[PDB]
Enquirer: 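Could you have a look at this structure, given as structure tokens, before my questions?
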Amino acid sequence: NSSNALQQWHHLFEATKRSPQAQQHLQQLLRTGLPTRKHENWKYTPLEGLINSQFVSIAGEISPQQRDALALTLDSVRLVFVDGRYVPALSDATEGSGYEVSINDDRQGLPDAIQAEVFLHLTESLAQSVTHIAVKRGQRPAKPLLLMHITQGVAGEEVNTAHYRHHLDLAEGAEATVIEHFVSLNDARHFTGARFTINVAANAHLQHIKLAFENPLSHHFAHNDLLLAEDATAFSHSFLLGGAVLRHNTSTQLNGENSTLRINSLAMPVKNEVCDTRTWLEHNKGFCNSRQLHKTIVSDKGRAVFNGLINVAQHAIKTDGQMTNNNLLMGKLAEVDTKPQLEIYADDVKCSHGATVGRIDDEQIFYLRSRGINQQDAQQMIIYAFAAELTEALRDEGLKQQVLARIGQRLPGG
Amino acid sequence: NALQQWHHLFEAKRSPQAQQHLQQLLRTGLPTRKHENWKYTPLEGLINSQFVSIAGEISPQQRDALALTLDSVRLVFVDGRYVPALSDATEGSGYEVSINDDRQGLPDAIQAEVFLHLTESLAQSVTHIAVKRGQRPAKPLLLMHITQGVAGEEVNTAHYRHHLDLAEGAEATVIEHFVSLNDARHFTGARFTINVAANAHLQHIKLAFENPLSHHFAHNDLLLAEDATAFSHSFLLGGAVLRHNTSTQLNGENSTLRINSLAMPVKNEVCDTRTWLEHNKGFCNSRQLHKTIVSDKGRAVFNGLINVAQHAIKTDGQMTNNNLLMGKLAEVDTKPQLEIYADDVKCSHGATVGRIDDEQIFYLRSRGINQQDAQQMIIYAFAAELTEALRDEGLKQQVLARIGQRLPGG
């Protein structure tokens with residue numbers, strides 16, 4: 001039952017040395033509790049597979065070879081985390097990289113949550129350490145920072161759970177690209193929780209990429225926060241291509257004028273999967289431009305869920321915000337639920353949103369088939385083209401090809 | 001204390017159906033600002049009031065003073081009660097009408113909710129309307145509602161209930177008209193349910209034109225069979241707080257549906273326009289256009305749910321909500337909810353929020369058109385796609401006049 005899952009997580013919390021901040025989030029976890037399908041934000045995302053499980057929290061050890069077999073081919077400053085723990089022996093040295101990094105459980109400097117919710121509190125409470133990352137004023141690291149997360153399940157019916165917590169501060173004029181990569185060690189199911197919070201100061205430029213590529217049976221529940229000051233730029237691209245049930249939130253505050261924001265995501269549930277991609281955006285100051293593109297491709301008995309809220313505060317004049325959610329359904333058993341929302345309290349603004357749902361039109365495939373292209377190839381071409389606005393945002397070609405290959409595994413004919 | 005008072009109004013006999021809705025009402029209770037569907041619609045101004053139920057008497061002169069200029073089959077309702085002395089003959093009009101409190105033939109609600117239950121439980125009678133197979137009445141049916149408040153702090157409440165059945169091949173236009181007798185505040189509840197049979201064609205128009213201080217909470221149901229057509233146009237231009245729901249089921253193939261609404265909250269008004277639509281069978285086309293014009297300190301709320309059932313192939317459904325904000329303290333909250341369980345469909349939703357660009361005003365000013373005339377032209381143009389739906393030119397002008405009262409210098 002619901003209380004049982006909470007009881008077990010509560011037990012794991014008290015198993016350890018918890019910070020005052022994690023204690024506060026534990027209290028909030030218990031005050032908020034777990035939701036039912038009647039809750040406003042949980043009508044379409046099942047928790048039964050999680051709630052009815054017995055949990056464990058074991059931190060294993062892997063070799064360099066096991067890391068390499070799961071790793072992305074990319075020139076980066078790579079930090080490796082295994083079953084909720086930073087592993088120095090598998091990580092790159094950070095001194096002189098342009099990234100100031102300290103892993104510890106001191107949380108006095110972390111900002112408050114933008115949008116509190118149950119799984120954010122769970123991850124805050126259970127994470128055993130925080131990855132404190134900082135890029136100093138005007139610094140532009142030569143290589144992107146890669147956060148590689150390797151989580152494994154245990155044999156039997158128990159569900160191993162690992163919760164990761166990182167914070168990045170980009171000081172004024174700093175420019176950096178950070179990549180989150182999540183993989184499973186094997187086919188055993190696990191429950192991954194994650195929370196990456198980022199502060200972007202004046203004139204700073206952030207490029208954030210999330211690659212959620214865990215196995216087909218696991219649960220992935222994450223909530224990232226983006227806090228932007230004035231004259232700031234932030235782009236976040238999420239490729240949610242792993243897990244049986246995944247629910248990712250990106251909450252953002254535009255707390256300064258003249259900033260630019262883009263938040264995109266791709267979801268491609270297959271089999272009996274549920275992929276839930278959500279955003280919460282607050283235009284608290286005027287003169288900011290935001291653009292969101294969330295595309296989904298749903299096959300088999302899959303279900304994609306989109307939720308996007310944009311709140312424009314009073315007097316946030318010259319706000320220019322757009323949100324688009326395009327959903328492609330493949331097959332008569334596919335499902336998609338979408339709720340793009342607007343709360344607009346300023347008049348001198350340009351705000352709009354749109355959501356579309358359909359399948360590959362016979363008319364579009366007709367012109368590929370007329371050239372002799374077979375059905376599966378034609379469908380793959382159309383799907384890649386549908387995802388192209390999102391995958392073309394990946395500057396590194398090598399990285400882009402790897403993401404395209406992960407997409408390829410979910411296409412008709414693979 | 002609202003529930004307790006409403007409960008007492010009920011027991012003050014009542015049909016078993018009304019008893020069932022009251023039971024559900026008390027079981028569901030009143031929602032808070034934390035409820036999924038009530039984040040933006042205030043109930044304080046209503047909940048913290050003392051309710052009464054007084055059925056006042058009105059003269060034909062008072063009726064004519066508030067009545068629309070239109071040739072129709074007019075039925076007049078005053079303070080929750082049908083008034084035969086002020087109504088037209090229905091016998092021989094093309095509309096089979098029976099007014100009583102028998103409710104065994106009424107269909108189940110498409111989307112049960114608190115205020116629908118309240119209106120079902122408190123309505124004192126049901127207007128049973130039917131158009132026989134293949135028939136097309138010469139004049140439209142007009143349901144005119146006249147509600148008045150009482151002197152003092154008490155809030156008079158009146159709940160209206162009507163059901164229209166369009167038999168196979170039947171075609172009809174029905175208009176709901178709501179007005180206030182004077183400036184006194186009242187609480188109006190309404191529920192118009194309509195069954196559209198195979199090959200039947202419905203034209204529904206709602207004109208909610210009550211005073212600035214009243215509360216109007218309504219919920220209409222539209223049920224369509226196969227090869228049916230239904231167009232519903234709502235002009236929500238009255239009340240301090242208005243919340244109108246239209247719930248619809250497309251339960252037959254090859255049907256066409258259009259649901260439009262106009263909302264223009266001013267002062268400190270809240271105008272909440274909501275739709276719930278189920279494409280239960282395939283091959284149906286649905287289109288919705290909801291436009292709002294929000295003045296300073298006003299608040300418009302839009303909520304539109306579209307659910308497309310599994311195997312409802314060839315569904316073609318669109319929903320558009322355009323919002324024009326006219327001042328720095330205007331507010332708009334808009335929430336579509338698409339639940340699509342069929343792949344071979346074309347479904348989309350779009351919403352826009354913005355204001356009149358100063359450059360457009362300046363351009364007009366440079367061409368000899370002043371600010372007020374420029375604003376009025378632009379606002380009327382924004383509402384035009386909705387107002388042009390009114391076939392009767394005489395009726396369209398009266399609606400445009402009501403719109404005009406809310407424009408700069410109106």
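Letters go in sequence order (proteins before strands), and every chain restarts at 1.
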Enquirer: Would you mind telling me which of A:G358, A:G321, A:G354, A:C351 has the largest number of heavy-atom pairs within less than 4.5 Å of chain B?
Expert: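 Most heavy-atom pairs under 4.5 Å with chain B: A:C351.
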Enquirer: Assess, by modelled atom type and distance only, whether the side chains of B:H279 and B:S286 contain a donor and an acceptor separated by less than 3.5 Å.
Expert: yes
Enquirer: Chain B heavy atoms under 4.5 Å from A:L333: which part of the residue, side chain, backbone, both or neither?
Expert: both
Enquirer: Counting only non-hydrogen atoms closer than 4.5 Å, does B:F302 touch chain A with its backbone (N, CA, C, O), its side chain (CB onward), both, or neither?
Expert: neither
Enquirer: What distance separates A:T45 OG1 from A:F221 CZ, expressed to the nearest 0.5 Å?
Expert: 7.0 Å
Enquirer: Below 4.5 Å, heavy-atom pairs only: which of B:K346, B:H311, B:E339 has the largest tally toward chain A?
Expert: B:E339
Enquirer: For the atom pair CD (A:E273) and CG (A:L246), what is the distance rounded to the nearest 0.5 Å?
Expert: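 With rounding to 0.5 Å, CD (A:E273) is 9.5 Å from CG (A:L246).
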Enquirer: What is the distance from atom CG of A:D362 to atom CZ of A:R369, rounded to the nearest 0.5 Å?
Expert: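 A:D362 atom CG to A:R369 atom CZ measures 11.5 Å (nearest 0.5 Å).
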Enquirer: So which of A:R303, A:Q322, A:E335 has the biggest tally of heavy-atom pairs under 4.5 Å with chain B?
Expert: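 Most heavy-atom pairs within the cutoff with chain B belong to A:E335.
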Enquirer: Can you tell which of A:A346, A:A355, A:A334 has the highest number of heavy-atom pairs within less than 4.5 Å of chain B?
Expert: A:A355
Enquirer: Per the side chain to side chain donor-acceptor pair (under 3.5 Å) rule, which among A:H223, A:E117, A:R278 passes with A:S251?
Expert: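 Running side chain to side chain donor-acceptor pair (under 3.5 Å) over A:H223, A:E117, A:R278 with A:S251 returns exactly one hit, A:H223.
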Enquirer: Which value, rounded to the nearest 0.5 Å, describes the distance between B:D316 atom CG and B:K314 atom NZ?
Expert: 11.0 Å
Enquirer: Tell me, for B:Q337 versus chain A, whether the close heavy atoms (under 4.5 Å) come from the side chain, the backbone, both or neither.
Expert: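 For B:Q337, backbone and side chain are both near chain A.
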Enquirer: Most heavy-atom pairs under 4.5 angstrom with chain B, which of A:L329, A:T356, A:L342, A:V349?
Expert: A:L342
